[PDB]
Amino acid sequence: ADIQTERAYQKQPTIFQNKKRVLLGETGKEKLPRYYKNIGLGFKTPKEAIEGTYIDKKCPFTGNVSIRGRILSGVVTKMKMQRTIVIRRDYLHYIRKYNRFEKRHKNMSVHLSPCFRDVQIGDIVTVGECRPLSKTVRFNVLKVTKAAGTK
Amino acid sequence: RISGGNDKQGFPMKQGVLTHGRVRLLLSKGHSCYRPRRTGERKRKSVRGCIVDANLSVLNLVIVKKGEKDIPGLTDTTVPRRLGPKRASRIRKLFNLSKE
Amino acid sequence: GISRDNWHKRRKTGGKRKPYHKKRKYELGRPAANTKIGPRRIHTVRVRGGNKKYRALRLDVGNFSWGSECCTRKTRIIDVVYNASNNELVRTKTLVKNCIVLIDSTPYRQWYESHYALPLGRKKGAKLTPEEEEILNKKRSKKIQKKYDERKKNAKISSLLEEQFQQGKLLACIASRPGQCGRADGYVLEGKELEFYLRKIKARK
Amino acid sequence: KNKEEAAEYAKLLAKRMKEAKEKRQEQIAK
Amino acid sequence: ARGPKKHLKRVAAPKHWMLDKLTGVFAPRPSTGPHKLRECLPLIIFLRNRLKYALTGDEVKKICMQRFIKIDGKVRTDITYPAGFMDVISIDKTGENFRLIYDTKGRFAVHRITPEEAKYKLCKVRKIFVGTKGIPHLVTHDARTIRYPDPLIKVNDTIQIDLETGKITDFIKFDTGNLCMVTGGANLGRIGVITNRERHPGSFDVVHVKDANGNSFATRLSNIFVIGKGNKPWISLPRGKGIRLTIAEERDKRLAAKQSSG
RNA sequence: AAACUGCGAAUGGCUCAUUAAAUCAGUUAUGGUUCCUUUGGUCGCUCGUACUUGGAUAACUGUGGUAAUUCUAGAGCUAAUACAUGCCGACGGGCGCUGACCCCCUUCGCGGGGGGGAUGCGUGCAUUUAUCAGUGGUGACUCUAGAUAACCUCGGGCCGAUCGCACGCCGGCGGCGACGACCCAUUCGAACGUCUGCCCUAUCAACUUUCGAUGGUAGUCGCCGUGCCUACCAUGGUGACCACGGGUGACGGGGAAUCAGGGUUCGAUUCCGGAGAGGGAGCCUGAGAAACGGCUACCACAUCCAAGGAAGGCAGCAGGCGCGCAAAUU
């Protein structure tokens with residue numbers, strides 16, 4: 001329950017969890033030691049990462065990805081898939097003949113780790129480039145900042 | 001011993017093929033009836049089965065057990081063979097020599 | 001002509017690509033060679049770079065490690081009992097990665113009594129042949145019986161494993177890829193994973 | 001060749017070990 | 001293509017070889033080797049286009065096949081062998097020794113050195129790894145690997161090789177105040193003192209270098225070669241001292257060389 | 001000479017049909033891969049006939065078949081850096097796991113503590129899995145190195161049965177090369193990704209999802225990352241900021257003509273990148289090809305024939321026919 005919802009046993013692959021022990025620790029405090037790492041670009045790992053119990057192999061903090069490439073940022077529009085959200089990135093494109101600009105946008109399906117709970121729509125995520133996680137997913141949510149009005 | 005031959009159109013006999021008529025096989029290196037031009041080449045060539053019928057031009061034959069009389073074109077005369085052994089261990093095998 | 005290209009797929013919007021180049025060799029796939037259980041039969045595939053792959057088509061034996069004890073032994077493979085992806089890889093008894101498999105226990109039993117001097121998986125009839133009596137009840141030195149009894153303070157297995165040692169068949173999970181290296185290796189299921197797959201096999205049957 | 005370079009490195013490793021080991025305890029009491 | 005390419009068109013050759021347009025369709029196309037083909041001199045270009053010892057490629061074949069050219073102490077019969085930055089080309093028959101060092105305009109100069117100097121060279125360490133029973137390794141900028149270096153040698157330092165043994169004699173560390181040559185980009189061939197290094201994580205670092213006359217320029221970190229310690233170079237420097245003149249003062253020097261000579 | 005062996009034939013040359021976020025350009029990344037060669041490292045690190053191993057097969061000799069091909073069959077020889085096989089040596093040991101025994105100290109003694117050890121067992125690098133501790137590095141590793149328990153594919157992994165030159169020093173010990181070789185690094189790449197960028201069309205407004213569409217979990221396959229494929233789930237994904245569909249007398253750039261300034265039109269074409277060798281498809285060999293001056297089919301054409309069969313691919317250089325307003329020397 002609460003993790004094992006799939007047909008296969010979910011576990012962090014780096015942590016061995018069947019270390020035998022004597023009854024003074026076998027009965028006293030039962031804690032699976034969590035694997036987490038520190039991604040390197042000044043981003044600090046959230047609290048829910050290092051103490052949570054979720055298992056996500058695509059999480060940037062407790063899974064097997066590395067963050068290298070482009071740091072970008074968008075705004076959450078759709079939260080309707082399993083562990084992956086859709087952001088929108090707005091920019092101005094310079095047309096040279098008219099010396100002017102036009103509002104364009106591009107969508108990005110991006111992977112959202114379960115360590116970012118309380119993510120609304122309309123708020124600004126920071127995304128980092130990883131290896132291709134899916135057919136259309138190449139980025140990963142690294143930092144969430146709320147919208148302007150949510151006190 | 002029956003040792004192969006050609007049919008009435010010149011196609012040779014392959015050993016494994018168990019037909020009377022000709023077939024088409026895709027031949028590679030290490031096969032008979034085909035010599036490849038490049039490395040890895042394979043070609044589809046006609047070839048005849050190994051069962052002897054009355055539709056050949058030559059049936060090659062190899063005498064294995066000599067009889068009592070002498071066919072005058074075959075069995076009487078001797079050849080000097082060419083080219084004795086060249087590897088050193090086939091020299092000593094010929095004359096039953098020692099290491100010394 | 002099995003291919004793994006992306007260009008035969010739709011785009012993210014749903015429009016179809018037109019192919020601009022035809023099938024290249026580096027995008028090839030090979031047939032999905034299904035390992036079975038039988039006497040050892042392994043074919044060799046020549047792959048990109050001139051390297052080498054091993055298609056196990058039939059395996060019967062591979063080494064599995066007892067995780068708690070750190071004891072790795074080569075062990076006969078009995079049967080497939082649970083596959084987490086498809087159920088038709090069980091009735092056909094196909095060995096792939098992460099499948100749950102029944103292995104022999106006697107290389108683990110003979111290590112256990114040689115290292116801990118305790119019976120494991122023995123019946124209550126207690127018929128003991130004179131082979132293992134001189135390793136279970138040997139004469140030994142005082143310094144050595146001290147070590148052998150100091151090991152006996154922690155030589156305790158879970159109850160979920162000893163009922164398997166009663167039947168001579170542990171449960172294991174294959175950790176390597178038999179179509180890619182020709183080997184079926186893995187580990188013995190213990191603990192939370194063990195009771196997870198036990199209730200999965202229980203609910204499936 | 002292998003035995004000579006392994007010795008010459010270990011002789012050189014002692015200097016780079018003990019020069020750092022001098023300034024190991026130098027900062028602690030100060 | 002279906003595989004690796006073997007030709008080089010003459011227009012797509014590197015600019016600093018100073019080939020011209022009309023003598024052919026092809027350029028010499030360097031062999032694979034210790035230096036990159038956008039960063040090297042093939043031995044055929046050094047021996048007939050720079051030194052004028054030959055007039056054809058056939059004569060370069062004849063000169064090299066008499067085993068007369070040693071590059072870094074070893075005889076090379078390959079006429080497209082890629083010589084590169086700070087290689088010692090030593091012709092024993094004429095008694096000449098050369099080192100390939102960039103000019104102030106980013107081309108390899110015909111720099112002659114004494115046979116005392118021709119027994120060493122400087123290399124830039126690009127990679128350190130520990131491999132297979134704890135043996136530390138170097139990888140220099142010309143594909144040398146060295147087992148058991150000094151443990152103070154770190155990546156981006158500059159070591160000194162003895163060309164016969166192949167072993168390190170001493171090294172310079174990467175620090176502010178040491179002397180550089182730029183080996184890449186716009187600032188190629190310039191020489192000065194490190195004053196600064198700003199570290200951008202996940203990307204390229206930028207090193208600020210100050211010229212001997214007070215000019216200042218930046219490069220990337222990979223385009224930096226530490227020549228000497230402090231101000232003293234450990235090698236001899238070419239005609240210009242790594243001080244790039246502007247076009248106005250270069251014109252003034254070129255005109256002052258005509259009103260005095262003649 | 002021939003022939004076997006090795007390498008090259010995947011470059012170059014030609015053309016612009018396809019192709020509209022595709023190709024391509026600038027920018028990034030491989031911490032997600034492979035890499036003949038070059039260059040450097042490594043190559044008594046492994047504790048278990050060699051002063052040299054075995055069987056063939058061409059060229060050659062000889063007998064032939066077919067109307068016909070760079071078609072080949074049978075017989076007699078003989079080689080290897082082809083194909084196979086396989087040892088000494090360094091080699092004395094070390095290092096871990098067992099551990100009969102022996103000895104010492106304390107204890108009245110039991111008991112407790114400490115040394116040596118016969119016996120076996122395993123052992124290096126590469127592979128596959130599991131566990132433990134945390135020399136060097138990164139912005140960041142589930143990195144590198146280490147330690148332990150094993151495994152190690154008959155369609156087997158490395159650990160040299162190879163060749164030349166100069167000749168030798170005290171029967172041994174040899175100096176230069178050449179060809180090799182697992183692995184590591186480098187070079188030349190390649191391949192998959194990141195971000196931004198393209199002409200006309202709404203008389204194309206909704207598309208995608210049955211037959212993967214968007215995502216999750218486990219696998220399979222792949223050189224590896226990934227719906228690439230499969231199984232089970234979720235119902236997603238794109239769009240008036242123009243999706244989807246169609247057209248283009250569209251290969252993309254560097255560039256070209258014109259030009260007060262702004263612009264408009266062209267770029268098949270010698271440099272770079274892509275694609276394709278009549279149309280599709282499938283492969284072998286190899287480091288590299290879905291190769292076409294390689295092979296196997298089908299479709300369309302088309303050649304030789306003794307009617308049984310055999311052979312083909314100029315969008316290489318010339319040249320011819322055609323087509324046309326339109327373009328050169330067998």
# chains A, B, ... in the order shown; residues from 1 in each chain; ligands from 1
>>> closest_atom_pairs(of="chain B", to="chain F", cutoff="8 Å", atoms="only C-alpha atoms (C1' of nucleotides)", output="Markdown table")
| residue | atom | partner | partner_atom | distance |
| --- | --- | --- | --- | --- |
| B:3 | CA | F:74 | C1' | 6.8 |
| B:4 | CA | F:74 | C1' | 7.0 |
| B:5 | CA | F:73 | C1' | 6.2 |
| B:6 | CA | F:65 | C1' | 5.7 |
| B:7 | CA | F:65 | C1' | 7.6 |
| B:8 | CA | F:66 | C1' | 7.3 |
| B:9 | CA | F:66 | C1' | 4.8 |
| B:10 | CA | F:66 | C1' | 3.9 |
| B:11 | CA | F:66 | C1' | 7.3 |
| B:12 | CA | F:73 | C1' | 5.9 |
| B:13 | CA | F:73 | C1' | 7.8 |
| B:33 | CA | F:72 | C1' | 6.2 |
| B:34 | CA | F:72 | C1' | 7.3 |
| B:38 | CA | F:294 | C1' | 7.7 |
| B:39 | CA | F:285 | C1' | 5.7 |
| B:40 | CA | F:285 | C1' | 4.1 |
| B:41 | CA | F:295 | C1' | 6.0 |
| B:42 | CA | F:295 | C1' | 5.8 |
| B:43 | CA | F:295 | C1' | 6.4 |
| B:44 | CA | F:296 | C1' | 7.9 |
| B:57 | CA | F:65 | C1' | 6.4 |
| B:58 | CA | F:65 | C1' | 6.5 |
| B:60 | CA | F:74 | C1' | 5.8 |
| B:61 | CA | F:74 | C1' | 7.7 |
| B:62 | CA | F:75 | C1' | 7.8 |
| B:81 | CA | F:77 | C1' | 6.6 |
| B:82 | CA | F:77 | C1' | 5.7 |
| B:83 | CA | F:77 | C1' | 5.9 |
| B:84 | CA | F:78 | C1' | 7.0 |
| B:85 | CA | F:78 | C1' | 6.9 |
| B:86 | CA | F:79 | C1' | 7.1 |
| B:87 | CA | F:79 | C1' | 7.7 |
>>> write_last_selection(atoms="C-alpha atoms", output="PDB file, in the first residue's frame")
ATOM      1  CA  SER B   3      31.678 -38.800 -58.067  1.00  0.00           C
ATOM      2  CA  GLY B   4      29.531 -36.258 -59.885  1.00  0.00           C
ATOM      3  CA  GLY B   5      29.148 -35.000 -63.399  1.00  0.00           C
ATOM      4  CA  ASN B   6      27.221 -32.604 -65.578  1.00  0.00           C
ATOM      5  CA  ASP B   7      23.795 -32.726 -67.155  1.00  0.00           C
ATOM      6  CA  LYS B   8      22.911 -32.124 -70.797  1.00  0.00           C
ATOM      7  CA  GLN B   9      23.296 -28.352 -70.354  1.00  0.00           C
ATOM      8  CA  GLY B  10      26.559 -28.395 -68.432  1.00  0.00           C
ATOM      9  CA  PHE B  11      25.308 -27.708 -64.952  1.00  0.00           C
ATOM     10  CA  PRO B  12      27.200 -29.722 -62.325  1.00  0.00           C
ATOM     11  CA  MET B  13      25.882 -32.057 -59.650  1.00  0.00           C
ATOM     12  CA  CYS B  33      29.777 -25.122 -57.880  1.00  0.00           C
ATOM     13  CA  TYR B  34      30.411 -21.447 -57.041  1.00  0.00           C
ATOM     14  CA  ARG B  38      33.970 -10.273 -53.484  1.00  0.00           C
ATOM     15  CA  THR B  39      33.965 -11.095 -49.807  1.00  0.00           C
ATOM     16  CA  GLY B  40      30.498 -11.969 -48.603  1.00  0.00           C
ATOM     17  CA  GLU B  41      28.945 -12.338 -52.037  1.00  0.00           C
ATOM     18  CA  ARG B  42      26.218 -14.913 -52.667  1.00  0.00           C
ATOM     19  CA  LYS B  43      24.651 -15.794 -55.998  1.00  0.00           C
ATOM     20  CA  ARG B  44      21.731 -17.938 -57.088  1.00  0.00           C
ATOM     21  CA  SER B  57      26.675 -35.704 -70.363  1.00  0.00           C
ATOM     22  CA  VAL B  58      29.498 -36.941 -68.120  1.00  0.00           C
ATOM     23  CA  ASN B  60      32.692 -38.854 -63.299  1.00  0.00           C
ATOM     24  CA  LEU B  61      33.940 -42.111 -61.821  1.00  0.00           C
ATOM     25  CA  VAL B  62      36.758 -42.909 -59.406  1.00  0.00           C
ATOM     26  CA  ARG B  81      54.350 -37.096 -58.534  1.00  0.00           C
ATOM     27  CA  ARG B  82      55.567 -33.571 -58.089  1.00  0.00           C
ATOM     28  CA  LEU B  83      56.306 -31.590 -54.996  1.00  0.00           C
ATOM     29  CA  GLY B  84      57.116 -33.586 -51.870  1.00  0.00           C
ATOM     30  CA  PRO B  85      56.569 -32.249 -48.353  1.00  0.00           C
ATOM     31  CA  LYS B  86      57.531 -28.707 -47.428  1.00  0.00           C
ATOM     32  CA  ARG B  87      56.476 -28.418 -43.799  1.00  0.00           C
TER      33      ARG B  87
END
>>> residues_around(residues="stretch 222-231 of chain F", least_positions_apart="6", cutoff="6 Å", atoms="only C-alpha atoms (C1' of nucleotides)", output="number ranges by chain")
A: 132, 134-135; C: 4, 48, 85-86; F: 32-34
>>> write_last_selection(atoms="N, CA and C atoms (P, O5', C5', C4', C3', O3' and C1' of nucleotides)", output="PDB file, in the first residue's frame")
ATOM      1  N   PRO A 132      16.481  12.104 -22.805  1.00  0.00           N
ATOM      2  CA  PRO A 132      15.082  11.902 -23.194  1.00  0.00           C
ATOM      3  C   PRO A 132      14.342  10.863 -22.373  1.00  0.00           C
ATOM      4  N   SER A 134      10.931  10.353 -22.446  1.00  0.00           N
ATOM      5  CA  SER A 134       9.769   9.824 -23.132  1.00  0.00           C
ATOM      6  C   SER A 134       9.888  10.183 -24.604  1.00  0.00           C
ATOM      7  N   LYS A 135       8.786  10.046 -25.334  1.00  0.00           N
ATOM      8  CA  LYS A 135       8.780  10.455 -26.730  1.00  0.00           C
ATOM      9  C   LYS A 135       8.874  11.965 -26.860  1.00  0.00           C
TER      10      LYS A 135
ATOM     11  N   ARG C   4      13.659   0.581 -35.309  1.00  0.00           N
ATOM     12  CA  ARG C   4      13.441   1.319 -34.078  1.00  0.00           C
ATOM     13  C   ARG C   4      13.477   2.815 -34.307  1.00  0.00           C
ATOM     14  N   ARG C  48      26.759  -4.090 -33.885  1.00  0.00           N
ATOM     15  CA  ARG C  48      27.398  -2.861 -34.337  1.00  0.00           C
ATOM     16  C   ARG C  48      28.728  -2.616 -33.641  1.00  0.00           C
ATOM     17  N   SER C  85       5.071  -8.244 -16.266  1.00  0.00           N
ATOM     18  CA  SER C  85       4.677  -7.495 -17.453  1.00  0.00           C
ATOM     19  C   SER C  85       3.528  -8.167 -18.189  1.00  0.00           C
ATOM     20  N   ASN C  86       3.725  -9.412 -18.593  1.00  0.00           N
ATOM     21  CA  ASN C  86       2.721 -10.199 -19.280  1.00  0.00           C
ATOM     22  C   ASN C  86       2.484 -11.462 -18.476  1.00  0.00           C
TER      23      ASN C  86
ATOM     24  P     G F  32      23.190  10.949 -18.956  1.00  0.00           P
ATOM     25  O5'   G F  32      23.613   9.515 -19.504  1.00  0.00           O
ATOM     26  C5'   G F  32      22.686   8.431 -19.563  1.00  0.00           C
ATOM     27  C4'   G F  32      22.988   7.476 -20.695  1.00  0.00           C
ATOM     28  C3'   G F  32      24.405   7.588 -21.245  1.00  0.00           C
ATOM     29  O3'   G F  32      25.109   6.316 -21.334  1.00  0.00           O
ATOM     30  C1'   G F  32      22.804   8.141 -22.951  1.00  0.00           C
ATOM     31  P     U F  33      25.184   5.259 -22.554  1.00  0.00           P
ATOM     32  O5'   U F  33      26.613   5.511 -23.206  1.00  0.00           O
ATOM     33  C5'   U F  33      27.310   4.485 -23.903  1.00  0.00           C
ATOM     34  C4'   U F  33      26.808   4.304 -25.315  1.00  0.00           C
ATOM     35  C3'   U F  33      27.826   3.879 -26.357  1.00  0.00           C
ATOM     36  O3'   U F  33      28.092   2.486 -26.333  1.00  0.00           O
ATOM     37  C1'   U F  33      26.452   5.602 -27.224  1.00  0.00           C
ATOM     38  P     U F  34      29.589   1.923 -26.210  1.00  0.00           P
ATOM     39  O5'   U F  34      30.077   1.758 -27.708  1.00  0.00           O
ATOM     40  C5'   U F  34      29.520   0.771 -28.559  1.00  0.00           C
ATOM     41  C4'   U F  34      29.714   1.147 -30.001  1.00  0.00           C
ATOM     42  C3'   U F  34      31.151   1.331 -30.437  1.00  0.00           C
ATOM     43  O3'   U F  34      31.789   0.112 -30.745  1.00  0.00           O
ATOM     44  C1'   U F  34      29.876   3.162 -31.176  1.00  0.00           C
TER      45        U F  34
END
>>> interface_residues(of="chain D", to="chain E", cutoff="8 Å", atoms="only C-alpha atoms", output="PDB file with N, CA, C and O atoms, in the first residue's frame")
ATOM      1  N   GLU D   5      58.955   2.025 -11.558  1.00  0.00           N
ATOM      2  CA  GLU D   5      58.063   3.171 -11.466  1.00  0.00           C
ATOM      3  C   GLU D   5      57.183   3.093 -10.234  1.00  0.00           C
ATOM      4  O   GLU D   5      56.801   4.130  -9.687  1.00  0.00           O
ATOM      5  N   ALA D   6      56.849   1.884  -9.785  1.00  0.00           N
ATOM      6  CA  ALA D   6      56.024   1.747  -8.593  1.00  0.00           C
ATOM      7  C   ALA D   6      56.788   2.136  -7.343  1.00  0.00           C
ATOM      8  O   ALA D   6      56.200   2.681  -6.405  1.00  0.00           O
ATOM      9  N   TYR D   9      57.345   6.130  -7.467  1.00  0.00           N
ATOM     10  CA  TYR D   9      56.144   6.866  -7.108  1.00  0.00           C
ATOM     11  C   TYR D   9      55.911   6.824  -5.607  1.00  0.00           C
ATOM     12  O   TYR D   9      55.566   7.841  -4.998  1.00  0.00           O
ATOM     13  N   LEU D  12      58.065   9.143  -3.981  1.00  0.00           N
ATOM     14  CA  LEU D  12      57.555  10.488  -4.203  1.00  0.00           C
ATOM     15  C   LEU D  12      56.249  10.734  -3.471  1.00  0.00           C
ATOM     16  O   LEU D  12      55.960  11.878  -3.119  1.00  0.00           O
ATOM     17  N   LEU D  13      55.462   9.686  -3.235  1.00  0.00           N
ATOM     18  CA  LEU D  13      54.209   9.837  -2.512  1.00  0.00           C
ATOM     19  C   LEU D  13      54.420  10.176  -1.046  1.00  0.00           C
ATOM     20  O   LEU D  13      53.534  10.781  -0.436  1.00  0.00           O
ATOM     21  N   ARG D  16      54.644  14.122  -0.751  1.00  0.00           N
ATOM     22  CA  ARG D  16      53.348  14.769  -0.905  1.00  0.00           C
ATOM     23  C   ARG D  16      52.360  14.339   0.166  1.00  0.00           C
ATOM     24  O   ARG D  16      51.371  15.039   0.395  1.00  0.00           O
TER      25      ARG D  16
END
>>> interface_residues(of="chain F", to="chain A", cutoff="6 Å", atoms="only C-alpha atoms (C1' of nucleotides)", output="number ranges by chain")
F: 29, 139-140, 215-217, 225-226, 241
>>> interface_residues(of="chain C", to="chain E", cutoff="12 Å", atoms="only C-alpha atoms", output="number ranges by chain")
C: 24-26
>>> write_last_selection(atoms="N, CA, C and O atoms", output="CSV table (one decimal), in the first residue's frame")
chain,number,residue,atom,x,y,z
C,24,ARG,N,17.7,2.8,-42.5
C,24,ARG,CA,19.1,2.7,-42.4
C,24,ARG,C,19.4,1.4,-41.6
C,24,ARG,O,18.5,0.9,-40.9
C,25,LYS,N,20.7,1.0,-41.6
C,25,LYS,CA,21.0,-0.2,-40.9
C,25,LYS,C,21.1,0.0,-39.4
C,25,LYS,O,20.7,-0.8,-38.6
C,26,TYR,N,21.6,1.2,-39.0
C,26,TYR,CA,21.8,1.5,-37.6
C,26,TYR,C,20.5,1.6,-36.8
C,26,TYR,O,20.5,1.6,-35.6
>>> atom_distance(atom1="atom CA of residue E:227", atom2="atom CA of residue E:103")
14.5 Å
>>> select_by_dssp(residues="stretch 40-178 of chain E", states="strand (DSSP E)", output="ChimeraX atom specification")
/E:41-42,69-71,74-75,82-83,88-91,96-99,111-112,120-131,135-140,145-147,158-162,168-172
>>> interface_residues(of="chain E", to="chain F", cutoff="9 Å", atoms="only C-alpha atoms (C1' of nucleotides)", output="ChimeraX atom specification")
/E:1-7,9,11-12,31-37,81,128-136,139,141-147,200-203
>>> select_by_dssp(residues="chain C", states="alpha helix (DSSP H)", output="PyMOL selection string")
chain C and resi 88-91+106-116+130-136+142-150+159-165+178-181+192-204
>>> residues_around(residues="residue F:239", least_positions_apart="4", cutoff="10 Å", atoms="only C-alpha atoms (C1' of nucleotides)", output="PyMOL selection string")
(chain C and resi 13) or (chain F and resi 205-207+243-244)
>>> write_last_selection(atoms="C-alpha atoms (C1' of nucleotides)", output="PDB file, in the first residue's frame")
ATOM      1  CA  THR C  13       0.553  17.320 -32.507  1.00  0.00           C
TER       2      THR C  13
ATOM      3  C1'   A F 205     -11.413  24.404 -38.387  1.00  0.00           C
ATOM      4  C1'   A F 206     -10.735  21.022 -35.547  1.00  0.00           C
ATOM      5  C1'   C F 207      -7.012  17.005 -35.550  1.00  0.00           C
ATOM      6  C1'   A F 243      -3.000  22.967 -35.373  1.00  0.00           C
ATOM      7  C1'   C F 244      -4.463  19.291 -39.084  1.00  0.00           C
TER       8        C F 244
END
>>> atom_distance(atom1="atom CA of residue D:11", atom2="atom CA of residue E:170")
16.4 Å
>>> atom_distance(atom1="atom CA of residue C:173", atom2="atom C1' of residue F:147")
25.5 Å
